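These numbers come from the heavy atoms of this one structure, side chains and all, not from hydrogens, waters or symmetry mates. Naming convention: chains lettered A, B, ... in sequence-line order (proteins, then strands); numbering from 1 in each chain. Just so you know, ligand 1 is whichever comes first in the structure, and atom 1 is the first atom listed for that ligand.
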Amino acid sequence: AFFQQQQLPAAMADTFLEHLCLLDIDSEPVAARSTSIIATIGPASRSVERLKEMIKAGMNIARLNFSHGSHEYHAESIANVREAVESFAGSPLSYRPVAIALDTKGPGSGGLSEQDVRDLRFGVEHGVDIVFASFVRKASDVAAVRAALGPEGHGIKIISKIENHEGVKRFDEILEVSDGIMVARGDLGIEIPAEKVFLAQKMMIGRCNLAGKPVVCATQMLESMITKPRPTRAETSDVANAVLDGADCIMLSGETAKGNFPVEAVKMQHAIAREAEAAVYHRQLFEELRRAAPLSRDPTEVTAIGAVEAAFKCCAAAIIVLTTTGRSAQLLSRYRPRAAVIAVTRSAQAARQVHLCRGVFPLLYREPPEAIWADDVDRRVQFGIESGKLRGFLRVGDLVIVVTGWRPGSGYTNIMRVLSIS
Amino acid sequence: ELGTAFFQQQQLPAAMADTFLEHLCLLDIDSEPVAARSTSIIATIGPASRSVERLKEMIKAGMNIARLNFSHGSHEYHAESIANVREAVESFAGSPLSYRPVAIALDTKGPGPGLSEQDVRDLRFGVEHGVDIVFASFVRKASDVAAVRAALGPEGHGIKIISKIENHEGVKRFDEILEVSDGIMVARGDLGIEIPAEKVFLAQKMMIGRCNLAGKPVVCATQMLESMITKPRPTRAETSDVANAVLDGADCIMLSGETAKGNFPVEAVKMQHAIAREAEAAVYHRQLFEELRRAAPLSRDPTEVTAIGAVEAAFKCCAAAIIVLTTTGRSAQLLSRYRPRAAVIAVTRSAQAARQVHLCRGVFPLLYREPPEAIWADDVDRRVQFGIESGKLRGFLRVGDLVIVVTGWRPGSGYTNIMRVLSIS
Amino acid sequence: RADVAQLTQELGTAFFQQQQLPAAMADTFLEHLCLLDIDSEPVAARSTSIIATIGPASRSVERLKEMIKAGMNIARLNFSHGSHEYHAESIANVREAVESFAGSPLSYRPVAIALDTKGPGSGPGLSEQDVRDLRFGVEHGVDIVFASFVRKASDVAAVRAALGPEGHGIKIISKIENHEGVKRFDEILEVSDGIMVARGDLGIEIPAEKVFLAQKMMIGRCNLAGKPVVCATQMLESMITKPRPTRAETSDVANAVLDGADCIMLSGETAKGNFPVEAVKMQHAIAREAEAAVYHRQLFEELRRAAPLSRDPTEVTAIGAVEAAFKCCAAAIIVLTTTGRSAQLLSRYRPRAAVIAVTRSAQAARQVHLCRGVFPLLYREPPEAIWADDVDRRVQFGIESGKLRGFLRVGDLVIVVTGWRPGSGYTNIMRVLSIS
Amino acid sequence: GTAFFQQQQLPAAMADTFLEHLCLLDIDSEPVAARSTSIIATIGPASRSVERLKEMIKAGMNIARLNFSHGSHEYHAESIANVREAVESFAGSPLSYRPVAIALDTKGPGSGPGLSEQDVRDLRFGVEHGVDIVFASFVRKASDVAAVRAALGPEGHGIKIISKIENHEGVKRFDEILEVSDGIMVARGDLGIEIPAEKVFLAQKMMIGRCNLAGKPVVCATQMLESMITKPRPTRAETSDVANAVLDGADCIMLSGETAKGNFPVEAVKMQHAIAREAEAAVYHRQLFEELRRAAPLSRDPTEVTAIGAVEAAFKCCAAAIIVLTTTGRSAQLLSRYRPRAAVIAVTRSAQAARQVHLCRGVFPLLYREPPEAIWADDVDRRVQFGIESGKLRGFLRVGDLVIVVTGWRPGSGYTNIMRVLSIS
Ligand SMILES: O=S(=O)(c1ccc(CN2c3cc(O)c(O)cc3-c3cc(O)c(O)cc3S2(=O)=O)cc1)c1ccc(O)c(O)c1
Ligand SMILES: O=S(=O)(c1ccc(CN2c3cc(O)c(O)cc3-c3cc(O)c(O)cc3S2(=O)=O)cc1)c1ccc(O)c(O)c1
Ligand SMILES: O=P(O)(O)OC[C@H]1O[C@](O)(COP(=O)(O)O)[C@@H](O)[C@@H]1O
Ligand SMILES: O=P(O)(O)OC[C@H]1O[C@](O)(COP(=O)(O)O)[C@@H](O)[C@@H]1O
Ligand SMILES: O=P(O)(O)OC[C@H]1O[C@](O)(COP(=O)(O)O)[C@@H](O)[C@@H]1O
Ligand SMILES: O=P(O)(O)OC[C@H]1O[C@](O)(COP(=O)(O)O)[C@@H](O)[C@@H]1O
Ligand SMILES: O=C([O-])C(=O)[O-]
Ligand SMILES: O=C([O-])C(=O)[O-]
Ligand SMILES: O=C([O-])C(=O)[O-]
Ligand SMILES: O=C([O-])C(=O)[O-]
Ligand SMILES: [K+]
Ligand SMILES: [K+]
Ligand SMILES: [K+]
Ligand SMILES: [K+]
Ligand SMILES: [Mg+2]
Ligand SMILES: [Mg+2]
Ligand SMILES: [Mg+2]
Ligand SMILES: [Mg+2]
């Protein structure tokens, strides 16, 4: 029964052609949905009650579009998101962190615009987790956004939006200085011929996967759902293909900001992503990601590859990792394990930000501290196992891989352990 | 000999990559497609695309197959659509650079227990009006195909039957349906209502994979450019869907309401043409050929053996084309199954095989009508030179190019066994 | 270049010219062969063990000390010739030569003692002489038995029974010497600790032109099963009378290593020849060159693809540790082992990194020479009060011995493999450590 | 039939990994293909008798080596005459006649820097006596090959030069030496004294790999079956060395003292023959072909393009043979570089090309003696039929086998461009 579910017959195929031939509509997904959903907040999704339904449907990142609305309007959206998120904090073993992303207006006809400087300052003051920087054309555009965030916004992630020909041509220099990328297909499809956008999307997703940096696929994914309860055949195909391409995140714009079916649009992206994730050909994907990642002397990079390899060997249900900044979980995520990466962190911001990395399931640790560091570490590892059992990630008899470090503080991950559940 | 400019076009840097990940990383929006568009476009005929003048514009935009939807309209209405298609096609019979065969496909209303009474009458109409293909609605099992085949009566055995898979049973009984069909249509409209909408992509990719493995045509259909029914430009998801159907391995892509009733039928055909050319150059032939080769069983059929030899030879020299002589279209279909980058120029005397080979990706049919030569070897050489001269006129070939030529040792279908490497003079 | 550029700037271009590293990074086996370089010097310690047959030419304590220094890891006693009194004196001389180096625990070399049986002869089962010789082996504490003419699983069960209750820890290496042994290979391997491709009798029992097929098949199947395989007979035959071997002989040694043999053997070359020490040095020199010429990239991928999924934490930790070692060009994998099993599971994935096995068992230290790339360290210190501290002291002993022995340098990365509780069978931890 | 798939290591051939390929090797799986690695036997007191030379030709000797390090010109001229008399004693049956090449192995430069005066005299003797090949001793750089070529003069332009790599400089300057040579000999005797003995296998495997990549012949030589000089059976290391030279990719294997002076010259040839057939069936063609294919550059030469198409076609149908018509041996050499499992039966009118193609693995030369037919197409067909009849008589072919036929579009060298699938009747 186990080997009939989650496209396991297709997973064992010897060629990609055979893998396609073995895909089965009756093979049900079992793993948790790995690709994060970004939902744009607007009139259709602003109320606290509506936001609670969207969190339950699978929204992981709330996008604030600073192209429209005042600072007062966006501050109320942030407060409503935080109120809806915290209404589930009463059960810490099931609570879902939700990131807040600020999408800038852009340069317009101009460097960094004066409105963007003000909006970025607003973001730092209101504690946003991510910035989606509009119309990034070169590395100096990213440096200007980084400078406008100041010393208090040092921890905010910058996702550069590639929306034009220059951004595509200067992609490598932009990615090098960014935390990740957004394939902003709306403007990109107007700036370059519409029939070429898929080449830019697939190239950028491939290069981000190679670099181990988050990549977002965005715009018109479920467009018809703005007025209709069900999407078109092209729309479900687009969502599935963005996941199969290797996108870490998928996005909804008008579908959630102004449409008549915001909750249904989130549920549809969730349903398709789970199906597409099981249809991934991990055998080739892992081998290629492994070969293309360079040799390293960083113990976190060395432990990550060892843990992902160990997970595939035993069909591990999860890789539990302790992380302060989210970096150890991100280095596991870059090899696209089938095993869920359960990230146990004390940082509420890192818990929100790791939604950018595919397959990272954040658990915010709020249990009392232990006097002995080693005892505290073990307690955090047991917390990950207990949340995993409660949420259905783990069952008795499963094997898990546990990733920890040799001393407190970030940057010291160097240990991988094989543990049998219960 | 070819130059660095040649190796920058048609995604050739991405083509030479050693991994699929590296292939994706090397895709270039500035690398322009050079080869002719190889995925055929099927356009549904209706009020928005019925006039002879509108049909001429759709033929120029790239329509290769005209679909008649027998779910609506009378026999008199469909006979007029067929006459208008044939008139528009024959208006270019004077200019060799623009004349192209256009297939006529009858899409049945559907079943009720066995084959419906209306389907028996419509299939008989199809034979009487000389349709090339039947898109059989709601095929659920092999006996449904046998019933459609029996309705093609005594005179319609040459008509191709493309089974439409529109429900759960059709997906589960896929292997037995494909075995007795000429090809398959992934009919996503009904399929997306019969099975959960989030599962349609799995059924599409599985069926395309299985058809590619079997070497049989597969059509991707429904809502590909849906928003173009009322808008002049499609959504980002729609262009992505067309590109991904081509990258999945679909031989044909289809337009329904977009060309039957929408406000932009010609623009919808142009958009599918533009995306297909881009997606075809982005195919990773290196792995696709290796996998088609490894999965395909050993063969002692000389046509199959010649086809793989010719496709291998074409990749070795970057051949501009493979010219094949075919009576039924079978030799061209066996070349097409290995997905060569080189265009497969099929020279045939059969007007029906010329229209029907549009079902096979990369097959460019040429209808030959010169009177037979007394010496068979001379008649063969005249047809080979006809394909070279048409290729030179249409942009496929130039003097100095290498072409692969596929022929047989004696007249009649079934004797293909020769592959020659020719330098264009 | 992008996959090695940063590590090349850090370790230097000189590092990446040695140990056939340009050939190691090749994308095809054809390109790997094209990049093999006679100027690319081996750096790693020799990982294929050398078995030397003891006889008149290699029996003295002084001669045995020179053979231990040349690289002999396993001493073979051929019970086809010589009395029990003769073999007991050979064992005592081996032990005296081995223990003459025990003064420095950080450099001491354990040497296994293997008893090679006379065989069944014309009989169907275990001969009466074999029953007596196997009982002699148990009484004299031999580590391994090379069982002659194994033809089926019941032959190994009979050898196991003759060893009795006291010889349960002795390893049984079944010698495949005839057609039936080749045909019944799978059932023989299943119940044996390992295999010996006994080419002398095999080359008489089957056509001489087919022996290479049997050798390559058996080595492949043992590599797949993760069990030791020995290549034996006439490897350096001409060295019995000549100081240098033939071109076919050096080729045969190199090819046995490239095939995947864990051990290579010398018979007459060391037992009766005029150059026993030079024969050991020649096998050592060739094995070092051939080990660096292994195409690890495909070998590791294929061992992974062919090996079934495992739910054993020692097995899962072993593959994780070998993967981690390849990622950082680790100088060594240090493993704590009671029976040698954790080191054997690391060894089955053929890491380029040396597997330094720290054990308290003197017998396990001798027996792990059967597994390619396992370097045994005998830990003589009594247990610490706190188990976690005792574990750390053994790891530090491995690091300090590794530094003094040239395996490790300051700045190197090492992979450390340990377990969660005392006793055999609980290995489940892998750590990445930087040498200070 | 199931019996077919149990022989010639076919279960191991179908394996998905090299590890699984090794695990499936079977000592009971008998070789079926003809032995494709050529045997070079050194001539001397033990192999000069015309009657003994006849036995060595029947045992499998393809190339007779004359070692000019020992013996006078008068002695070597007698060797040549005895070889030619033994070879020509079988010319009365053209369907079974086996050409045998004559190779002159030079004494070398000794302590000098360039071509020695004795080598200039021996090379002129070789041209005057019509030798086919020169094994040039101690080649250290490209200018050494140019000096050998100059000493052969205008009359020796057709002689093949095989450079012997015997020292450190020859290994370091390998690429420049191979570029100007026809092939290479891994001369292990001197190489094993010039460089550490434990490094010779690295040089042998590297040189064989580079020659396979270049598509140029490579010979493995010295002490392969050394103990057979005095003993009737070789050592386990000797049979292993022969098998491993074949598995490495050597086109030729050599016997020196074993045939020149030993007591078992005929048995030594039979032993190399027996091991080579076993080792050739144990080759993992699946990976070897893919790697030779990927490493070979794109080509616009029709002979090169036809060769890869024909090898691919041969694997698809399990062709028993590829019959090629060749004037210089080049078309057969280009087929040979892709290491087909199918025997390459080369039909030629050039007696010298027939002898020289033994340097290329898997090329079985047939000397056609009939004068040209009036109609060129008939002359081509007669040669193809001669290839089929010889192949049937020798056991290469049976009725029902598929064969790939490689020919050209016009007479003369350099025009191969046709590949034909033919059923043996
Ligand atoms: O285009 S192919 O060469 C091809 C496609 C996909 C894969 C395996 N894959 C893979 C490997 C990578 O390293 C990577 O970065 C992305 C993806 C990738 C990308 C996709 O767009 C997709 O639809 C599926 C995959 S995958 O299954 O995860 C391998 C090969 C191909 C396509 C169709 C065929 O029938 C065929 O034989 C081969
Ligand atoms: O060393 S390996 O990587 C290896 C060895 C051989 C091959 C396939 N092969 C191959 C491919 C080439 O392109 C080439 O030029 C030579 C040969 C080659 C060379 C040999 O020395 C040999 O004994 C066998 C082969 S082969 O089977 O034809 C592929 C891989 C290897 C060796 C042993 C293993 O158990 C294993 O899993 C992998
Ligand atoms: O992923 P990051 O940011 O590097 O954090 C990993 C760190 O977490 C730990 O496992 C636990 O550290 P803390 O006790 O400080 O939370 C460290 O040992 C390790 O260095
Ligand atoms: O693809 P098909 O239908 O088998 O037709 C291929 C046939 O065409 C030819 O090349 C030419 O035949 P005709 O001269 O009869 O057209 C045959 O030799 C070959 O058998
Ligand atoms: O390789 P083996 O025989 O399984 O031994 C590995 C064992 O060694 C240890 O690392 C140390 O155990 P001890 O304290 O008994 O020496 C265990 O944790 C582990 O189970
Ligand atoms: O291998 P080579 O030397 O290029 O010879 C191949 C030549 O042999 C042929 O098949 C037959 O030519 P001939 O009739 O002159 O012998 C030519 O068509 C072809 O060019
Ligand atoms: O801003 C965006 O998201 C776009 O243009 O697609
Ligand atoms: O009939 C069709 O084409 C469908 O249902 O998609
Ligand atoms: O017994 C042996 O060692 C042999 O036969 O090789
Ligand atoms: O000359 C040779 O053949 C050698 O030196 O090996
Ligand atoms: K914005
Ligand atoms: K219909
Ligand atoms: K014995
Ligand atoms: K000589
Ligand atoms: Mg935009
Ligand atoms: Mg329908
Ligand atoms: Mg024996
Ligand atoms: Mg010499």
Please report which non-hydrogen protein atom sits nearest to [atom], along with the residue it belongs to and the distance in Å to one decimal place.
atom	answer
atom 5 (O) of ligand 3	A:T324 N, 3.1 Å
atom 17 (C) of ligand 3	A:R407 O, 3.3 Å
atom 2 (P) of ligand 3	A:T323 OG1, 3.4 Å
atom 8 (O) of ligand 3	A:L322 O, 3.8 Å

List ligand 3 atoms under 4.0 Å from [X], heavy atoms only on the residue side.
X	answer
A:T325	2 (P), 3 (O)
A:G405	10 (O), 18 (O)
A:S328	1 (O), 2 (P), 4 (O), 6 (C)

Among A:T300, A:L332, A:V354, A:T413, the one residue meeting side chain to side chain contact (heavy atoms under 4.5 Å, CB included) with A:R327:
A:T300
D:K164 and side chain to side chain contact (heavy atoms under 4.5 Å, CB included): which single residue from D:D105, D:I177, D:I184 fits?
D:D105
Would you call [X]-[Y] a salt bridge at under 4.0 Å N-O?
X	Y	result
A:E76	A:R46	yes
A:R334	A:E301	yes
D:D119	D:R124	no
A:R146	A:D179	yes
A:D376	A:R346	yes

What angle, in degrees and rounded to 10°, do you get at the K ion (ligand 14) when you join it to OG of D:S69 and to OD1 of D:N67?
80°
Does [X] reach ligand 3 with a nitrogen or oxygen that is under 3.5 Å from one of the ligand's nitrogen or oxygen atoms?
X	result
A:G411	yes
A:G409	yes
A:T404	no
A:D376	no

Between D:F125 and D:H73, how do the two ring planes meet: parallel, tilted or perpendicular, split at 30° and 60°?
tilted
I'd like to check D:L359 versus D:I63 (side-chain heavy atoms, cut-off strictly below 4.5 Å). Are they in contact?
yes
The K ion (ligand 11) has as its nearest N, O or S atom from A:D103 the atom OD1
Is A:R380 close enough to touch ligand 3? Criterion: a residue heavy atom under 4.0 Å from a ligand atom.
yes
